[PDB]
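As structure tokens, one chain now follows by itself in the form solved without the ligand.
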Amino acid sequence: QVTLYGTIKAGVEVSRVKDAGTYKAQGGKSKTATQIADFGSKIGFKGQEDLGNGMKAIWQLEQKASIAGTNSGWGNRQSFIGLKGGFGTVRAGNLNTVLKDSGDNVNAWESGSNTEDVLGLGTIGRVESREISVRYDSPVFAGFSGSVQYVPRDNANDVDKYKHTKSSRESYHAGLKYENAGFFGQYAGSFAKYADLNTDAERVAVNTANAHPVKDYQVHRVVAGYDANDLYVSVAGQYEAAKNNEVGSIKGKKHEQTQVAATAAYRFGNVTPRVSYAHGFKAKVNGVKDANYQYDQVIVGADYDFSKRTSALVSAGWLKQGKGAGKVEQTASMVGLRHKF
């Protein structure tokens, strides 16, 4: 058995930015942008084969396939080969991170790439990635499951494979989840002894232009709530910390940020109204308070389910980043359609 699957999703987004620094027009306000945008349409192929003993071969090849014609590539969304059995599941390939998977219970919103941070809880998801890795996922037992995942040094830095001149960027990913009676709680995190961040505090490839080497890179996320009975509520707490590891005056000093997020939704027949709030507290950068990283956002909207596979989508969002006259405000709304096949 071999299956074709995917999601086609798109809409029109209206957005405005209030940034004193970049816009001379009155009040620091940009013009209003109106755009047809793909929301992340994708297409996949997957299969499994019973090997006879409660064991199965599994594989998946998933790709970005925006209906705007902007992606190219195979295997650039989660794609793997593995084996599943009484023992649980083992997979190797371009795999979601345990943090990336936990992101499903944090940020349910659909948007284009341009509005990811205002029509979605983009910022909290900055720690989420796909990685060339191996992963183990346990069976569920007494409502408990866990995952363990690893990125090899020579996958994190191909160039240095034979010369171990740069310190290793290998990383560890792990998670622990409990479901019972509509209640859920999970822990997800990662650790990298050495890593590299851009200024937005996403991880980037070693030797990327303006990458900032760090050491002791750790992320911790806790999410909890209730999902059942037409009611959805969740709350997430995230902690990110590292040491400056770039050679210079600031080497060894502490970076850190705490983020939180909350979503609630109710199902009214075919309509699901939803609201989300998130907050980034002031970061510590080289051991000093930095309110450029602080943010506050709120998103409201609704899905209308024409069918189990097809929804109309609407949302509106209001985001504030930084403090004072350096601050950026983004407002946006969209309307959209989603079809899962």
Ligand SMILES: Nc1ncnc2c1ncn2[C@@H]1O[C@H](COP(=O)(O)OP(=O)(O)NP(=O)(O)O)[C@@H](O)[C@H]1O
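Position 1 is the first residue in the sequence shown; the rest follow in order.
Same protein, other form: the form solved in complex with the ligand, not shown, and the subject of what follows.
Novice: Although the ligand is absent from this view, report whether residue 327 comes within 4.5 Å of it in the deposited bound form, heavy atoms only.
Specialist: No, residue 327 sits far enough from the ligand in the deposited bound form that none of its heavy atoms falls within 4.5 Å.
Novice: Taking heavy atoms and a 4.5 Å cut-off, does residue 130 contact the ligand in the deposited bound form?
Specialist: Yes, residue 130 is a contact residue.
Novice: According to a 4.5 angstroms non-hydrogen atom cut-off, is residue 230 in contact with the ligand in the deposited bound form?
Specialist: Residue 230: no, not in contact with the ligand in the deposited bound form.
Novice: Determine whether any heavy atom of residue 158 comes within 4.5 Å of a heavy atom of the ligand in the deposited bound form, and answer yes or no.
Specialist: The answer is no: residue 158 has no heavy atom within 4.5 Å of the ligand.
Novice: Mind checking whether each of 198, 240 and 255 has a heavy atom within 4.5 Å of the ligand in the deposited bound form?
Specialist: The answer is no; none of 198, 240 and 255 reaches the ligand.
Novice: Sort through 184 to 192, 79 to 87, 95 to 103, 219 to 227 and report the only stretch with a non-hydrogen atom within 4.5 Å of the ligand in the deposited bound form.
Specialist: Of the stretches listed, the one contacting the partner is 95 to 103.
Novice: Can you pick the one in 179, 246, 116, 154 that has a heavy atom within 4.5 Å of the ligand in the deposited bound form?
Specialist: Residue within 4.5 Å of the partner: 116.
Novice: What residues in 25 to 46 sit within 4.5 Å of the ligand in the deposited bound form, counting heavy atoms only?
Specialist: The stretch touches the partner through 39, 42.
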